[PDB]
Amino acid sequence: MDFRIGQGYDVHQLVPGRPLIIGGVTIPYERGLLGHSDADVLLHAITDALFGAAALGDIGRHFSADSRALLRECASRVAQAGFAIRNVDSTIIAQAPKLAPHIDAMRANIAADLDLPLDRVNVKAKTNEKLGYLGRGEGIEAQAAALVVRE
């Protein structure tokens, strides 16, 4: 079968006076992510992995905003290109806040947006062990991998 893999990366700065939204979950926090749309770093990384697996370019090609609506439209285009999504895995790298209590809700949001069962979606969290701009809490990064199959 015609399997394809995709990978994605995103990072945004953390700034005061923005809500913190990751994987579609609003997380109580004194800072939020700054950037394109609601700056949901995890959903953007996943979106890039899916477009990448389908060889449809990247998120900026498609979407010159609720990042869940963008993920759903990404999933629609990937399906229209003839691909079915098989699984998604991902990592969020953040010094803070603690993400564990929110991870299951993120997984559920992604699963809903991709029309996948929960057991085909995974979200992992890491600190950066105090190193670099991530260790200093200046931003949050997300990484994603996706497997799709054509037809």
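Residue numbers run from 1 along the displayed sequence.
Colleague: Hey, does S64 show up as a hole in at least a third of the other compared models?
Modeller: Yes, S64 lacks coordinates in at least a third of the other compared entries that model both of its neighbours.
Colleague: For the step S64 to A65, what size class fits the number of deposited residues with no coordinates, none, 1 to 3, 4 to 9, or 10 or more?
Modeller: Unresolved stretch here: 4 to 9 residues.
Colleague: Comparing 92-100 with 47-55, which has the greater mean CA B-factor as deposited?
Modeller: The stretch with the larger mean CA B-factor is 92-100.
Colleague: Take the C-alpha B-factors listed in the entry for 131-139 and for 11-19, compute each mean, and give the stretch with the larger one.
Modeller: Going by the record's values, the stretch with the higher mean is 11-19.
Colleague: Out of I110, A125, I27, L70, whose C-alpha atom has the biggest B factor in the entry?
Modeller: When the deposited C-alpha B-factors of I110, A125, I27, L70 are compared, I27 is largest.
Colleague: Quick one: classify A146 as lowest, middle or highest third of the chain based on its Cα B-factor.
Modeller: Bottom third by C-alpha B-factor.
Colleague: Would you mind ranking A84 by its C-alpha B-factor against the rest of the chain and naming the third, lowest, middle or highest?
Modeller: Answer is middle: the recorded C-alpha B-factor places it there.
Colleague: Mind checking which third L34 falls in for C-alpha B-factor across the chain?
Modeller: Within its chain, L34 is a highest-third residue by C-alpha B-factor, going by the deposited values.
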